[PDB]
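Enquirer: Once you've had a glance at the structure underneath, I'll fire off some questions.
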Amino acid sequence: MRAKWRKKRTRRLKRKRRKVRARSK
Amino acid sequence: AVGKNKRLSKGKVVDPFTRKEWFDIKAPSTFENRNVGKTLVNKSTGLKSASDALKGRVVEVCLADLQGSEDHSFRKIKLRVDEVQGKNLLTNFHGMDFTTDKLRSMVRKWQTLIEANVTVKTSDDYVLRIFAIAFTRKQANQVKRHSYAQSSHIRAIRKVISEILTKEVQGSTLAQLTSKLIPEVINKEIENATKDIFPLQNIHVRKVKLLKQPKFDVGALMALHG
Amino acid sequence: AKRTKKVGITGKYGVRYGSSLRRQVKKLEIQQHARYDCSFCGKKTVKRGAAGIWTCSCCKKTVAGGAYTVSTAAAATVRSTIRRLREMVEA
Amino acid sequence: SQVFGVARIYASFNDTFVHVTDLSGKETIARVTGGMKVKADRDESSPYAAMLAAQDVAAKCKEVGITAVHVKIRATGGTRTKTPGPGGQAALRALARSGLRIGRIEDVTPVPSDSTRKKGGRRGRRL
Amino acid sequence: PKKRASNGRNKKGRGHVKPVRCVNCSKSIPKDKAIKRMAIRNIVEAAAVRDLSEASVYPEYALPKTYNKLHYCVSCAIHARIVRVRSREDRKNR
Amino acid sequence: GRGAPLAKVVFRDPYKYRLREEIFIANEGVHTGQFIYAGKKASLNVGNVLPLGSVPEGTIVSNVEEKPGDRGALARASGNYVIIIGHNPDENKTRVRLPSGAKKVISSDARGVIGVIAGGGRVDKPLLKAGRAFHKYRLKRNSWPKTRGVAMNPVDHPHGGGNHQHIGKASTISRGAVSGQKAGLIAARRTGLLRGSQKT
Amino acid sequence: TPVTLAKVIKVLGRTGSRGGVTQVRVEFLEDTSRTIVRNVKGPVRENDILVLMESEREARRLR
RNA sequence: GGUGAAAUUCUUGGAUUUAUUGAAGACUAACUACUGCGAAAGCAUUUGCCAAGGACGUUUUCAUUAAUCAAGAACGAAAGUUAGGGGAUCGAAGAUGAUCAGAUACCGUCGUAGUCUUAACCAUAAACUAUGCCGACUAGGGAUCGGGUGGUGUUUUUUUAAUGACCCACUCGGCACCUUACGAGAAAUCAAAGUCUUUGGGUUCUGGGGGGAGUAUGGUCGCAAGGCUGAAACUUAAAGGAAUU
């Protein structure tokens, strides 16, 4: 897969993880 | 193509040239023999009339046709109709410009396109924006095939051209102004005053624009047609 | 001694009225309470007396201007444009 | 004699227009475009349709009595093709030897000076 | 690898160049990167001047020309055969 | 009760020995000691009162009137102006642009002050409190606070009633509705948030 | 149908994807000295006369 | 109207079209080039103001005040964020019509945010010359930009002074270009990537097989999206670079 789209998916996963951590704390 | 229209009228004959008539144009006396042509204007009804329709009209004619010559082939003028006394609708001077072919063949690589324009007015409350154009020249025995000019040289040439253009424009009327555009006399002292800065070549007057116009001026308008 | 970091003048509001509104009113209050100078003397003594009224203690001249600023950008643009038409008319 | 009217020929990649007007330009002698001559919806801008439209315009001008025509050609013009259409040359050639006598051949296509933006995106056409 | 000494075009020591749009595909390309063709043609085609001369008002005259500068992108030029690919050694000429 | 400051101008009576004091809306840029010239022959300066038929095209005016003798009708709030778009001599009428964007033709005999009204940009600081809003509305009228029709009782308001706070019927009200039925949006040509520029 | 008999003088070459159409430059004896480019389907040699229905139908290279 | 062909759609209340006028907004074609400036990003209309910078000349001055940089600071394409004006074209989302077994795309028509301007954040890119800065040397050739000097040189002037514009020769500082390899390099190629196994001019930063991963966490800045620092566990024997058939 293209590095740009992989990076975009990484940013989406980072946002999801940050939201999960914020809702947990 | 032809069979494509589904419906035409949203709500849901005779040939017009029978009513159409012919009217000859008369150019100002500042040019040579006029022989402008003939236009078609609707019948002079009691509501619109032919004269008022002819009032708002402009006719595009080449200057070579007016002069009856050849060297003025690449210059054309619009004639602005102002009043009509019947079959001899008189017109005035609107503006002069070259041809697209002339401009495109004029612009060439390895040269410069110095240009100038000043907003000025004549004596008779006639405001015209005079445009001037200039190209650098390759002198004899020159091996540098680009003829580049410094920005200071361009600035000085433009300033001098604007100064002489304003001097020409001031203290003159449309008749004398056109009678001096016709023989191409501006370029003479333009190149005389700008040749010291750079050799200069292909000196012409780009175009003029009619922005503001004084009153009808019938008395001196009649002078351009007798 | 920099008793505050970013809230500044709005520190009187405390934990209230959100953050964006507090920032907006902070900027507007800074513009309102800033001192300016009278064009007739050049001394920075101009203060705000009321809505659109800018008074002074030395020049003793009251100027009608913006609600929170002595001169507005739109007002200055309008004044310059009016001056331009006046010059065009008389010349 | 030899009354002069202008032709105002419009050449594009999709259609052809031969709209003869007076010298001033406020007239409607044989506007007739090159769309009704052929039933193809694709061959509108073709030499055959252009020649047919030019012949019709020449016949109408002969009926109206105009014998001298100036030609002012123009391309599509603007932020687009900029090149003259194939039908313009064919229409001019057909109108030449079909009656009226022409003069002062001139191109009048309007070309802007870096105005607006060309439609198609930064990547352009990707057919 | 390094297929060409000049990476895109003659852009050394300049950096950013104002871009232009292709004539047909309307693709935005740097001005120096556009293959510019100085097309000087005639608004009357071949074998038509003879027929256009005697069927024209006034004797001789006319004989004008059209002049257009076409900015073809690399893909459009390859497709329209404006420029043709050649061998490695022939690249260095001109 | 008015954001725009009031400027007091004294004018000598040309028919009797007395001083007549007008009430003027303080334009932006005016100051004490500045002379104000009101009339047709007066120059084009900020604060001067001139007939609309004498100012040039594109002029910015304020405190204009629909008809002569109205003592100033339109453009009287803080930070508003009227733009002279054109003049028509025959049956003299000045075409103008109002702050709302509507274009209306008015007689050239109408007079408007030159400049904009001071206190422009009054509504940028949020009220930030109930106290500021209450003090502002107290000097104007009894129009604050206002209770919602959903929380209103069904007899007290057509929108009221029911276990939940819902309108029930359509909020938009036709212009032909009689008094008592005009509760909510009136003659809603286009409802909801508009997307894009207003293009007024 | 107004016919025009025209005799060819020079075959340009074979055109078209399938090579069934041949280009030729042809003029007509009646009021000669003007020639047009036509396309022929069958085998055409020099000094061959063909009946054209069309006159102002200058053709183009086929595909 | 459009496309390979079509289709949505506007059309005897004038569609397209011709001619005139007015408003808006975007930009500075053609001139425009292996050419110019700036630390970089980046700058192509005219004029006026404010200054700033490079190059050249200099028997003018200070006298080593010098080269690179942890920390730190300024600027920083486009896009995005906050509050205003403007909002003419283009136009992510979206709305339709095509093509296709499927098309949420490539193709046709509209269309919000955005594209433009003011006051503040964003600190990013193939930000490339994938090439660090300063200083000394090393095969040649032509052209070009700015400056300087000499021509019993040309032309422009007032046929002849000045002032310019050209041609010949030289020099400094740049953008660069061409044939070759004394040499370097794995080769592509390089007058620097050379003066490195005949190994040392001064100096800053970065990397030790490919994934994990520019991820998690710990800190820090930011309204926000995100920016800087930055692993480990685990897995594999090939991941790669240049050229040849």
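Following the order of the structure tokens, first chain is A, next is B, and so on, with residues numbered from 1 inside each chain and ligands from 1 in the order they appear.
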Can I get the residues of chain B within 6 Å of chain D, each with the closest pair of atoms and their distance in Å to one decimal, using only C-alpha atoms, sorted chain first then ascending number, as a tab-separated table?
Expert:
residue	atom	partner	partner_atom	distance
B:1	CA	D:41	CA	4.5
B:2	CA	D:36	CA	4.4
B:37	CA	D:3	CA	5.8
B:39	CA	D:22	CA	6.0
B:58	CA	D:24	CA	5.5
B:59	CA	D:24	CA	4.1
Enquirer: Env of residue 29 (chain G): 8 Å cut, atoms = only C-alpha atoms (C1' of nucleotides), seq-sep filter 6 positions within chain, self excluded. Answer as JSON, numbers by chain.
Expert: {"G": [5, 6, 7]}
Enquirer: Convert the current residue selection to file output with N, CA and C atoms, as a CSV table (one decimal), in the first residue's frame.
Expert:
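Result written to again.csv:
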chain,number,residue,atom,x,y,z
G,5,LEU,N,-17.4,14.7,-64.3
G,5,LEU,CA,-16.4,13.7,-64.7
G,5,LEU,C,-15.0,14.3,-64.5
G,6,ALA,N,-14.2,13.6,-63.8
G,6,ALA,CA,-12.9,14.1,-63.5
G,6,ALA,C,-11.8,13.1,-63.6
G,7,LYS,N,-10.7,13.4,-64.3
G,7,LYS,CA,-9.6,12.5,-64.6
G,7,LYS,C,-8.5,12.7,-63.7
Enquirer: Mind checking which residues fall within 9 Å of residue 154 (chain B), counting only C-alpha atoms (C1' of nucleotides), ignoring those fewer than 4 positions away in the same chain, and posting them as a ChimeraX atom specification?
Expert: /B:114-115,149-150,158-159,197-198
Enquirer: Considering only C-alpha atoms (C1' of nucleotides), return as number ranges by chain whatever protein or nucleic-acid residues lie within 12 Å of residue 164 (chain B), sequence-local ones (same chain, fewer than 3 positions apart) excluded.
Expert: B: 116-118, 130, 132, 157-161, 167-170, 186-194
Enquirer: For those residues, write N, CA, C and O atoms to a file as a JSON list (two decimals), in the first residue's frame.
Expert:
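Full text of selection_21.json as output:
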[["chain", "number", "residue", "atom", "x", "y", "z"],
["B", 116, "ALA", "N", 3.80, 51.88, -22.54],
["B", 116, "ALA", "CA", 3.47, 53.06, -21.76],
["B", 116, "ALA", "C", 2.03, 53.46, -22.02],
["B", 116, "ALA", "O", 1.48, 53.19, -23.10],
["B", 117, "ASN", "N", 1.42, 54.10, -21.03],
["B", 117, "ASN", "CA", 0.06, 54.60, -21.15],
["B", 117, "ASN", "C", -0.16, 55.68, -20.10],
["B", 117, "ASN", "O", 0.28, 55.55, -18.95],
["B", 118, "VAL", "N", -0.83, 56.75, -20.51],
["B", 118, "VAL", "CA", -1.13, 57.87, -19.62],
["B", 118, "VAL", "C", -2.58, 58.28, -19.83],
["B", 118, "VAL", "O", -3.07, 58.35, -20.96],
["B", 130, "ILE", "N", -4.00, 57.05, -24.10],
["B", 130, "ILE", "CA", -3.13, 56.80, -25.25],
["B", 130, "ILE", "C", -2.10, 55.74, -24.88],
["B", 130, "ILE", "O", -1.41, 55.85, -23.86],
["B", 132, "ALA", "N", 1.26, 53.32, -25.98],
["B", 132, "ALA", "CA", 2.45, 53.30, -26.81],
["B", 132, "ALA", "C", 3.26, 52.05, -26.53],
["B", 132, "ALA", "O", 3.31, 51.55, -25.40],
["B", 157, "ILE", "N", 13.06, 55.36, -20.97],
["B", 157, "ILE", "CA", 12.36, 55.37, -22.26],
["B", 157, "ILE", "C", 10.86, 55.57, -22.05],
["B", 157, "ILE", "O", 10.22, 56.36, -22.75],
["B", 158, "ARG", "N", 10.28, 54.86, -21.07],
["B", 158, "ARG", "CA", 8.86, 55.01, -20.79],
["B", 158, "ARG", "C", 8.53, 56.43, -20.34],
["B", 158, "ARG", "O", 7.52, 57.00, -20.77],
["B", 159, "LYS", "N", 9.36, 57.00, -19.46],
["B", 159, "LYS", "CA", 9.11, 58.36, -18.99],
["B", 159, "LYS", "C", 9.18, 59.36, -20.14],
["B", 159, "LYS", "O", 8.32, 60.25, -20.25],
["B", 160, "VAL", "N", 10.19, 59.24, -21.00],
["B", 160, "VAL", "CA", 10.32, 60.16, -22.13],
["B", 160, "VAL", "C", 9.13, 60.01, -23.08],
["B", 160, "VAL", "O", 8.57, 61.01, -23.55],
["B", 161, "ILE", "N", 8.74, 58.77, -23.37],
["B", 161, "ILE", "CA", 7.61, 58.53, -24.27],
["B", 161, "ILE", "C", 6.34, 59.14, -23.69],
["B", 161, "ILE", "O", 5.56, 59.79, -24.40],
["B", 167, "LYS", "N", 2.70, 65.94, -24.17],
["B", 167, "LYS", "CA", 2.92, 67.19, -24.89],
["B", 167, "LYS", "C", 2.11, 67.22, -26.18],
["B", 167, "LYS", "O", 1.51, 68.24, -26.53],
["B", 168, "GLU", "N", 2.09, 66.10, -26.92],
["B", 168, "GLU", "CA", 1.28, 66.03, -28.13],
["B", 168, "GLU", "C", -0.20, 66.16, -27.81],
["B", 168, "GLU", "O", -0.93, 66.90, -28.48],
["B", 169, "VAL", "N", -0.67, 65.44, -26.79],
["B", 169, "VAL", "CA", -2.10, 65.41, -26.49],
["B", 169, "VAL", "C", -2.60, 66.78, -26.07],
["B", 169, "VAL", "O", -3.67, 67.23, -26.50],
["B", 170, "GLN", "N", -1.84, 67.48, -25.23],
["B", 170, "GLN", "CA", -2.29, 68.76, -24.70],
["B", 170, "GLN", "C", -2.38, 69.80, -25.81],
["B", 170, "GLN", "O", -1.56, 69.83, -26.73],
["B", 186, "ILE", "N", 4.01, 60.56, -34.91],
["B", 186, "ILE", "CA", 4.39, 60.45, -33.50],
["B", 186, "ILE", "C", 5.71, 59.70, -33.36],
["B", 186, "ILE", "O", 6.64, 60.15, -32.68],
["B", 187, "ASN", "N", 5.81, 58.56, -34.05],
["B", 187, "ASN", "CA", 6.97, 57.69, -33.92],
["B", 187, "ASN", "C", 8.26, 58.40, -34.27],
["B", 187, "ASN", "O", 9.32, 58.07, -33.73],
["B", 188, "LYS", "N", 8.19, 59.40, -35.16],
["B", 188, "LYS", "CA", 9.38, 60.13, -35.57],
["B", 188, "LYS", "C", 10.10, 60.74, -34.37],
["B", 188, "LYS", "O", 11.21, 60.32, -34.04],
["B", 189, "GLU", "N", 9.47, 61.70, -33.69],
["B", 189, "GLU", "CA", 10.15, 62.29, -32.54],
["B", 189, "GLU", "C", 10.14, 61.38, -31.33],
["B", 189, "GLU", "O", 10.97, 61.57, -30.44],
["B", 190, "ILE", "N", 9.25, 60.37, -31.27],
["B", 190, "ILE", "CA", 9.36, 59.39, -30.19],
["B", 190, "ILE", "C", 10.71, 58.68, -30.26],
["B", 190, "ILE", "O", 11.45, 58.61, -29.28],
["B", 191, "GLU", "N", 11.05, 58.16, -31.44],
["B", 191, "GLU", "CA", 12.35, 57.52, -31.62],
["B", 191, "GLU", "C", 13.48, 58.54, -31.59],
["B", 191, "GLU", "O", 14.60, 58.19, -31.20],
["B", 192, "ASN", "N", 13.21, 59.79, -31.98],
["B", 192, "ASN", "CA", 14.25, 60.82, -31.88],
["B", 192, "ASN", "C", 14.64, 61.07, -30.43],
["B", 192, "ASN", "O", 15.82, 61.25, -30.13],
["B", 193, "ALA", "N", 13.66, 61.11, -29.53],
["B", 193, "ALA", "CA", 13.92, 61.38, -28.13],
["B", 193, "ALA", "C", 14.29, 60.14, -27.32],
["B", 193, "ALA", "O", 14.86, 60.28, -26.24],
["B", 194, "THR", "N", 13.97, 58.94, -27.82],
["B", 194, "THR", "CA", 14.31, 57.72, -27.11],
["B", 194, "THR", "C", 15.44, 56.92, -27.75],
["B", 194, "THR", "O", 15.78, 55.84, -27.24]]
Enquirer: Taking the DSSP secondary structure from the backbone, can you list the residues of region 2-127 of chain D that are strand (DSSP E), as a PyMOL selection string?
Expert: chain D and resi 4-6+9-11+16-18+68-74+101-107
